[PDB]
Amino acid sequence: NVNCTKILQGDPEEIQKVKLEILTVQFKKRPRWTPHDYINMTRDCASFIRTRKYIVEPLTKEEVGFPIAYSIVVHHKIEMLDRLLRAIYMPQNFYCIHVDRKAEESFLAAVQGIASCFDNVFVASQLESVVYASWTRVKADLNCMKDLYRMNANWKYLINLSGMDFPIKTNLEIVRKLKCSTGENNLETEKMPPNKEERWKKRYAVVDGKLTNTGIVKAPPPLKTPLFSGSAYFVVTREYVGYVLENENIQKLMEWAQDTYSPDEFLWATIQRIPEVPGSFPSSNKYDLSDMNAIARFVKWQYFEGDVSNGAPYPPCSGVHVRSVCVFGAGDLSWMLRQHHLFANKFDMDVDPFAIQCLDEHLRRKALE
């Protein structure tokens, strides 16, 4: 009933039609799949793959010759994970899923179910209990990095994702952008703004499942170069993964970073400017990369949204905001798709499944050409 073609072109009438449908009593009562449904469905992997329409064969030789690794950190919403995995799944790639140690038993079993169906999807060999804004969020990605670097020698790039991400490019287009990177990494990395300093000048501790400022003053970072500011999300070469897992100075930086607030938002940005890190850029601010100029992740921050022809980096959210981040509505997609980033965040089947559906369809159609 929803014309996804009109949605992707940005037709206000079709968008309004989605907005109205979302408001109905009938929509909010719609039947949802449970983690138990997934435990059930994945007993028969052949039928699960067929039914859910995973892609079982690589689409081009170009893609076959360019394997990609993914690290996916999740804790809930099994249906969104299955949609995300299906959208990015290729037989030649690798997928490590980190399930939060605190997640529900049934969710963890459902993730293991899905993973058991694929030789190249698997659960991280070590799980962290992930506390919001803490080191354990970084630690989750490092765990996956460790597994992936050991399991195969031939993948080119690692991309980290969360459970509520969605691709806005096909595998083929991602591979081509990565080939265009020429062994360089790509992620946000900008001069540290002075209002983010309280996050690492002080020691933070977990008090009652919650990361809190102790007020204790930290030693300076063990680094010649500056700290840089960025995001949790990155696109990095295998050689970078290797270096970071084994280099001693990087290790000291990480150990120093453990008791900071949101270390994920400076750790990667910072390492990317250390000389000798594979794929790194010089620390000169001429090479700084903003979130819009990097390709890693398109994200809309509430306080930045506005009139793009008036200086706003992107137009207002059409979904809803959660902690200042736009969760995308169908009205966001048109503009989003003209951007160069590989993935976007956040989506949510509970808020606007029509956004995901149209994006999902468009990408599958586009790929099968």
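Start at 1 and count along the sequence shown; that's the residue number.
Colleague: Would you tell me which stretch averages the higher CA B-factor in the PDB entry, 210-218 or 269-277?
Modeller: The entry gives the higher C-alpha B-factor average to 210-218.
Colleague: Name the higher of the two by mean Cα B-factor in the PDB entry, 201-209 versus 140-148.
Modeller: For C-alpha atoms only, the mean B-factor is higher in 201-209.
Colleague: Taking the Cα B-factors listed in the entry, which of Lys179, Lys286, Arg238, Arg86 comes out highest?
Modeller: The record points to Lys179.
Colleague: Of the options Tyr314, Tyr54, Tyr70, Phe343, which has the highest CA B factor as deposited?
Modeller: Most elevated C-alpha B-factor of the set, per the entry: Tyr54.
Colleague: Can you tell me which third, lowest, middle or highest, the CA B-factor of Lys156 falls into for its chain?
Modeller: It belongs to the lowest third of the chain when residues are ordered by C-alpha B-factor.
Colleague: Tell me, lowest, middle or highest third: where does the Cα B factor of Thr34 rank within its chain?
Modeller: Top third by C-alpha B-factor.
Colleague: Would you please rank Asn310 by its C-alpha temperature factor against the other modelled residues of its chain and give the third it falls in: lowest, middle or highest?
Modeller: Its C-alpha B-factor, which the entry lists for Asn310, ranks in the highest third among residues of this chain.
Colleague: Report the third (lowest, middle or highest) to which the CA temperature factor of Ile250 belongs, ranking only the modelled residues of the same chain.
Modeller: Its C-alpha B-factor, which the entry lists for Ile250, ranks in the middle third among residues of this chain.
Colleague: Looking at the temperature factor on the CA atom of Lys191, which third of the chain's modelled residues does it land in?
Modeller: It falls in the bottom third of the chain.
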